[PDB]
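Residue numbers start from 1 in every chain, and the chains themselves are labelled A, B, ... in the order their sequence lines are given, proteins ahead of strands.
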Amino acid sequence: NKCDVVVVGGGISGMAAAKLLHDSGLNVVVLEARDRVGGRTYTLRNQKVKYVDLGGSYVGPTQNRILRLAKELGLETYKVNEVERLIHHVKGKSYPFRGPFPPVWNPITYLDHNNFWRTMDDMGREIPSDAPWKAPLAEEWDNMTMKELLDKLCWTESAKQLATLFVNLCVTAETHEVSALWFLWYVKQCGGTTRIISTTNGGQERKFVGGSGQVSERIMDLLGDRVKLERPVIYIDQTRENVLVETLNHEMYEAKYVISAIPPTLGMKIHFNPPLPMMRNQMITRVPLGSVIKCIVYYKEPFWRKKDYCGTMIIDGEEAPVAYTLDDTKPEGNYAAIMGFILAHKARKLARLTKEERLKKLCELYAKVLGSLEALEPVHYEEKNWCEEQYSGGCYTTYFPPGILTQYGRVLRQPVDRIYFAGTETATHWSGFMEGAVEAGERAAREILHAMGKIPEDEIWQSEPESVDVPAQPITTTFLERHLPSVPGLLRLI
Amino acid sequence: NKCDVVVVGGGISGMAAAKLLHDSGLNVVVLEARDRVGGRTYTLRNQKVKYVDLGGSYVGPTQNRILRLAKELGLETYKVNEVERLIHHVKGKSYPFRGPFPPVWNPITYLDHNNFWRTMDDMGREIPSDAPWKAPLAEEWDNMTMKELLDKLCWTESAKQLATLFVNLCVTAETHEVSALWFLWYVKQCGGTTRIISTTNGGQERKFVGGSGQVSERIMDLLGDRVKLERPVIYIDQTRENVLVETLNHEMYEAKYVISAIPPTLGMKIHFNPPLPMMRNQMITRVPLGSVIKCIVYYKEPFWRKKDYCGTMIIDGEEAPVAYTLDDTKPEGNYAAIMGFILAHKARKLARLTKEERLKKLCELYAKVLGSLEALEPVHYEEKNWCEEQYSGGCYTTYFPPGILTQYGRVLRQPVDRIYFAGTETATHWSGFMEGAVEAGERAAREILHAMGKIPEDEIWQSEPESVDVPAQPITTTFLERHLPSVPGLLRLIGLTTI
Ligand SMILES: *[C]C1=C([C])[C]=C2C(=[C]1)N([C][C]([O])[C]([O])[C]([O])[C]OP([O])(=O)OP([O])(=O)O[C][C]1O[C](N3[C]=NC4=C3N=[C]N=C4[N])[C]([O])[C]1[O])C1=NC(=O)[N]C(=O)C1=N2C#C[C][N][C]1[C][C]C2=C1[C]=[C][C]=[C]2
Ligand SMILES: *[C]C1=C([C])[C]=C2C(=[C]1)N([C][C]([O])[C]([O])[C]([O])[C]OP([O])(=O)OP([O])(=O)O[C][C]1O[C](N3[C]=NC4=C3N=[C]N=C4[N])[C]([O])[C]1[O])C1=NC(=O)[N]C(=O)[C@@]13=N2C3#C[C][N][C]1[C][C]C2=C1[C]=[C][C]=[C]2
């Protein structure tokens, strides 16, 4: 019935918010809509797989908040397998390689690729992480889609295809679907193009021993019976002295403050009294999530390592169900598996199939790309279609279509009276990742702390010490990369 | 507690659905979230204004369903004043004219304007009204915004600037916010560019004597206490023998079937058991409504008629709060007023102002454009900002961004078990209008009737006899209009005759 702060949602952001408030002696209640905590993280357990991450899973250098939080909960990381060669599959042939970027040999193409990533990053530097709507050319950039920008920038089909894959892989949306300004912000606020794409030395380096879902689970363990499962919030009343929150089962909670720790658009599932301010009212109808099926095929052995492949595959073209894969074998070398994503529109198309039909396409595919009959002999299969999730809306995160970010961006984490906003969407570093989920939950927690005079203003946003277990090497560019002309730069010079 | 059909929402669509079901002896309940019926229609009454439509209001030729429905309810129409000259205000000057299109003299500009509207309509003909994702070039047209298309098509700033206002005016969104395919569909499904834009002989011709809100109010009168106000639906359970609907106040209804008659995106306010099928799950996060403030300034007289202006103004350029206006005087010639819309991003920006600050800007604006100091002397002011409405989400209707429509369009009116879908967004003729709202409610009603074996499949979609009070002239094109080259067509013809 009564407490200091009601937290709506038990994902990493909610749980992190609850923890920080509870470690300050406050009385918190987490209202979670599902019969489990974790949200967009979800670790499944059975005999066959032991455990498997079916949502959020990967963490890496510069992601210091999730690393710290998880360590404090007694969790450990291991490195994702990247010892042997990666494969780029393009126009139906596999080209093995090392390093993080696939090499390109043709001189003109080389220049077009070099200049594209470099322009991605150049544009990023003019975009403030904590207010992108304040980039100098924000309207110009917000009013075009990432496809218009690709058509403009890429003088070769090679470079344009790879850049489309990247966009698809990062935001589980089509380049036609998103704003150039939002996506350029997104990449920027994760440290730029190198940092975001890398396995070794970028966001894909590591996973958690036992499952990322143990982050939320263990916090729910720490909070005891303060966490209420199967409590979907349906009403929020801020007209009286205290905030009143009603859940679907008819329970009623009272607090001094509320934290909304759910995807922005899911605020649509709550009725408000008084009505939300006009900007936020319309903002929450204009901000959808990506579309992705996460798919994990199991094998007797990690057969690919025999051929000196690591399990990473970058797979070009429309016919391929899966554009990207990683080795999902346990650190001990057993439960051998390949993880792959079915992205954006392909997630919509391939959902019409049965589970067993998708398993077939993915093995046929992996057989082609790996050049192994062994790939046609799977022992087990798990998959998750996040588009069907009522209390997610999609995965991995929220994207902004044309025109929206500059109009409604500001509103995202603006408090509405006594409601404060967390969720990975409201983060300013690694937004859309687990890392950003911790950042935004701890910040909203400290906003309420401050509103209660417990801390000064300067302490609301707080920096994080570099992990000692997963330290970060800095991003470096060679002299030519930085200075070689673009294709039109080379034409102007000719 | 129990009935045949629960209808969520008592807007024109819900009310028309309810009426058709109840006229077949079925037991219906309308669950309306607000303390009033009419939703996006809303007639305000007071001494100062008598009445005023603050939401939907206009009807005209080819809109036979609303015309019939309202007539049966004992309502009458009158013609919006269009007797004297219209004004096109561009680059700070007013250029009076007659006949629904502002004329253009410059022959190069004239060619670009001609070819733009004509191309709008040409592209229309390739898009099916009832399945626009089936256009031959659907993906290509759906993956680009309306502003990419205008950059491509318009060889003059003159034509591009007017075409932007047209889009802003029709869909209360920016050109860069919407799909080229969706917008082309939208215009097409209203009869094409002429039909849509016209006051005389197009959708803006008339209003209802007394207010459009009387349509829903009178249906509520006819239905008695079946209409339940302040019942926002929060829950729908379809796991058992009957459908269970729970409202926010904790009431519970049981029916054999449900009709959702609320903006598509507003289905997000309902919790579903079992979960929605995946396409519809995500469809509803992907389809937002426009942004408009509807504004009516009142004067002692309709002073503009004295100067031989009818009250219509097409006002170009970024400094103007209002891009379009219409004479709102009562048909008796009293309660003299001007109606104007603040569109799209202008509605966001000018909401930060106070009610009295916006009245100033509009008056100053009207004064420049009418060249009248009397414009600066208002007697009364009423405005509605529909962006702030929780149970609308915007006005006038729902728009589809780049890539959505071909991916999620099919889903819009697909039943989910025993839930059937109405509301104007689901209509295939005049979608976005009060007309579309009637079309889609009567169709959903008949869907349920058919599911109950009461009517054959062929009776689900039904045509409508032409109104005799508001008959429709057909749309005609001159020989040059149809055949003159475009700017690039004229360049290729100059190129061919030398090189
Ligand atoms: C889904 C997904 C997947 C499949 C994958 C991924 C992901 C996802 N990610 C993301 C994550 O997961 C996220 O971000 C997080 O988790 C977030 O969180 P938050 O914010 O907290 O939220 P959530 O979780 O959702 O939760 C919330 C809650 O709430 C609730 N609710 C609702 N509503 C309601 C409620 N309650 C009450 N009431 C009401 N009404 C719900 O239920 C929930 O629970 C990720 N992340 C990271 O970090 N990592 C990873 O890995 C991930 N994943 C992935 C990623 C990928 N990456 C990639 C690879 C390759 C590449 C990339 C990128 C870039 C480049 C390259
Ligand atoms: C808002 C507006 C404005 C300002 C204007 C306009 C409009 C609007 N419009 C549109 C109309 O209004 C619409 O469409 C109708 O009304 C529809 O309806 P429906 O379908 O039925 O829907 P609604 O209304 O919304 O209703 C529903 C209901 O539901 C409810 N809910 C929610 N949620 C819930 C509920 N319940 C329970 N539960 C829950 N959960 C609500 O509350 C409601 O009630 C229009 N239309 C027409 O026809 N006309 C007119 O006039 C109108 N307006 C305008 C127009 C304009 N036009 C223009 C001028 C010039 C031009 C144009 C266009 C083009 C060219 C040129």
Side-chain angles (χ1 to χ4, degrees), chain A residues 268 285, chain B residues 5-21 28 30-34 36-42 55-56 63 65-66 69 129-130 171-172 182 185-186 189-190 212-213 215-216 219 227 231-233 236 245 257-270 272 276 280 283-290 386 389-400 404-405 408-416 418-448 460-461:
Chain A
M268 267 292 280
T285 62
Chain B
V5 184
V6 171
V7 173
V8 183
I12 287 179
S13 206
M15 285 320 202
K19 197 190 171 291
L20 197 163
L21 287 164
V28 314
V30 190
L31 301 181
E32 168 50 65
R34 279 181 175 113
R36 64 171 187 94
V37 294
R40 287 172 267 181
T41 65
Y42 171 53
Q63 289 175 22
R65 288 176 174 84
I66 191 75
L69 166 61
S129 266
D130 61 315
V171 303
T172 68
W182 172 77
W185 167 78
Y186 192 77
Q189 57 94 30
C190 288
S212 64
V215 168
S216 306
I219 291 159
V227 181
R231 258 69 117 186
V233 174
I236 295 180
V245 179
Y257 302 100
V258 178
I259 298 160
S260 167
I262 72 175
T265 190
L266 291 197
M268 274 280 289
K269 306 206 88 58
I270 300 172
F272 284 95
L276 285 171
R280 179 154 207 105
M283 195 268 288
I284 62 187
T285 59
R286 270 138 139 102
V287 292
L289 296 83
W386 291 89
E389 295 297 314
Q390 156 157 222
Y391 298 100
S392 297
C395 259
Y396 330 124
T397 188
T398 293
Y399 74 88
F400 285 67
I404 295 341
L405 187 58
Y408 298 88
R410 283 170 189 71
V411 162
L412 262 185
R413 54 173 184 266
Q414 189 143 107
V416 175
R418 282 151 289 161
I419 314 175
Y420 296 77
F421 298 93
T424 190
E425 283 81 356
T426 53
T428 55
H429 189 208
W430 292 103
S431 180
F433 294 66
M434 300 182 296
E435 173 69 17
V438 190
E439 198 225 72
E442 294 192 357
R443 179 226 86 226
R446 290 199 225 96
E447 287 192 283
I448 283 162
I460 294 177
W461 299 88

Quick one: pull up CZ in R446(B) and CG in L20(B) and give me the separation to the nearest 0.5 Å. 6.0 Å
Looking only at side chains, do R40(B) and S13(B) share a donor and an acceptor under 3.5 Å apart? no
Check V171(B) against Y396(B) and note the closest heavy-atom contact, atom names and distance. N-CE1, 4.5 Å
Heavy-atom side-chain contact between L289(B) and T265(B) under 4.5 Å: yes
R36(B) (side chain) donor-acceptor with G39(B) (main chain) under 3.5 angstrom: yes
Heavy atoms, side chains only, cut-off 4.5 Å: are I12(B) and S216(B) in contact? yes
Looking only at atom types and distance, does a side-chain atom of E439(B) sit under 3.5 Å from a main-chain N or O of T428(B), one as donor and one as acceptor? yes
With sequence neighbours excluded, what pairs up with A17(B) under the side-chain contact (heavy atoms from CB on, under 4.5 Å) test? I259(B)
Of all the heavy-atom pairs spanning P288(B) and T285(A), show the shortest one and how long it is. CB-O, 3.4 Å
Any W461(B) side-chain heavy atom under 4.5 Å of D130(B) side chain: no
Quick check: do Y257(B) and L21(B) have side-chain heavy atoms less than 4.5 Å from each other? no
Side-chain touch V438(B)/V215(B), heavy atoms, less than 4.5 angstrom: no
Return the set of residues passing side-chain contact (heavy atoms from CB on, under 4.5 Å) with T426(B) (not counting sequence neighbours), or none when no residue passes. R413(B), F421(B), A440(B), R443(B)
So which heavy atom on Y399(B) is nearest to which on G290(B), and how close? CD2-N, 4.0 Å
Identify the two heavy atoms, one from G267(B) and one from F272(B), that lie closest to each other, and give their separation to 0.1 Å. O-CE1, 3.5 Å
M268(A) side, atom CE; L266(B) side, atom CG - distance, nearest 0.5 Å: 5.0 Å
Side chains of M434(B) and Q63(B): does their closest heavy-atom pair fall under 4.5 Å? no
Could you tell me which non-hydrogen atom of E32(B) sits nearest to which non-hydrogen atom of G11(B), and how far apart they are? OE1-N, 4.4 Å
Is there side-chain contact between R280(B) and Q414(B), with at least one heavy-atom pair below 4.5 Å? no
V233(B) and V6(B): side chain to side chain contact (heavy atoms under 4.5 Å, CB included), yes or no, with the steps? CA-CA 11 Å; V233(B) 174; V6(B) 171; 5.6 Å; no
CD1 on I404(B) to OG1 on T398(B), rounded to 0.5 Å: 13.0 Å
The reported gap from CZ in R410(B) to CE in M283(B) (rounded to nearest 0.5 angstrom) is 13.0 Å
Could you measure the distance from the OH atom of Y408(B) to the CD1 atom of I284(B)? Nearest 0.5 Å is fine. 12.0 Å
4.5 Å side-chain heavy-atom contact, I219(B) and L69(B): yes
Side chains of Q189(B) and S431(B): any donor to acceptor distance under 3.5 Å? no
Considering non-hydrogen atoms only, spot the tightest contact between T41(B) and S212(B) and give its length. CB-OG, 3.5 Å
Ring-plane angle category for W182(B) and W185(B), please: parallel below 30°, perpendicular beyond 60°, tilted otherwise. tilted
